[PDB]
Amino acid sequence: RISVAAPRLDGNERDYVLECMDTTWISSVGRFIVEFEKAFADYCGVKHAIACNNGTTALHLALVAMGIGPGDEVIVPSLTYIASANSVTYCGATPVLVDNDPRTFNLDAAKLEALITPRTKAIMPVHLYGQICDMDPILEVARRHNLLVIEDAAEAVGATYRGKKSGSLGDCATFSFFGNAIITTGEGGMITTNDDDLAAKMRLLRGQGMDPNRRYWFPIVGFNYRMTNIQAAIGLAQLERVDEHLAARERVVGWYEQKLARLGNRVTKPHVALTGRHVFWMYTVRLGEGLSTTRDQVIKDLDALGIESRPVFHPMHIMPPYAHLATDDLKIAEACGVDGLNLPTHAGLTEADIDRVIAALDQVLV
């Protein structure tokens, strides 16, 4: 069996976790937290990193700290994982869906301007599959409208864009450390920012809105979105070998790049923009429109051959919760939801492994 993603706990994870257990610091109180944060902040080259329980709560906490609320509009790509839009909804705000680029799958900056209104407060570029959005044109449209930018970098730890790491481009950014992620904590998330004020607000809200100086004295309504010492310990040990893990994944992409040619025009290989490092959290192809099969059957057929795969997201506006947000200008997102396929991408796959997926695809793409 070839799994689509899998962690590679080949560092201090086990030992750092035993330290947690042995010292009994297993809750959201512990040394690993601030250490994983600091190390994470260094890695992104930002001033602050705020560890959360998951990528979804990281998004929600960031938005609320940014002051997003009822009446506000936040521009979000329709093609993304639902938490991007849900996080806006939790705030009482309205997601304003935008189309993406047919090759990078990312928010198409040329389509932003027209979506801007008196209620717009922020734009949420989402760096799908490990590739960062074309940030230059996005920030200049934002700057021109005095809008905030929050990167949804859930799937992009380690990616770079014109010398800056994902996480250091927008006013703030969030990451996920779910089990299939480049860096995992089992479940976990992180917000990054260089804004002191924003960081304090996030921390205050993350820790139940409690006055740090007054036990049980709460100036505002907050949340319980803290990460545990155990999650942080695993995260620390993972980031410790982030380069190694990134290398392994690049090793895999190369095989894909080297052997995909075998399928000819049957798939479109992921386009890599030349702006910085694409970390390939997943290697995603667009199946040729010529095939007779459907993307879903291919998924079935690969599974039947003992090969895991995932569909590129169903766009927000085609699903029940956000169908009310549909517009006539979300066509690339739909096209992409129909023909995209994430292929197995993880540090444990072997050349052979790849050969197997390629052979399976050669076989199933018809």
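Counting begins at 1, following the sequence as shown.
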Averaging C-alpha B-factors over each stretch, which comes out higher, 311-319 or 24-32?
-> 24-32
Compare the mean C-alpha B-factor of 202-210 with that of 233-241 as given in the PDB entry, and name the stretch with the higher value.
-> 233-241
Could you say which of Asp195, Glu151, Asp99, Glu250 has its CA atom at the highest B factor, as listed in the PDB entry?
-> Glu250
From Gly340, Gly55, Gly306, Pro70, pick the one with the largest CA B-factor in the entry?
-> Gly306
Lowest, middle or highest third: where is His48 by C-alpha B factor in its chain?
-> lowest
Among the chain's modelled residues, which third holds the C-alpha B-factor of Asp296?
-> highest
Lowest, middle or highest third: where is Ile358 by Cα B-factor in its chain?
-> highest
Of the three thirds of Cα B-factor ranks in this chain, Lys38 occupies the highest
Sorting the chain's modelled residues by C-alpha B-factor and splitting them into thirds places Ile332 in the middle
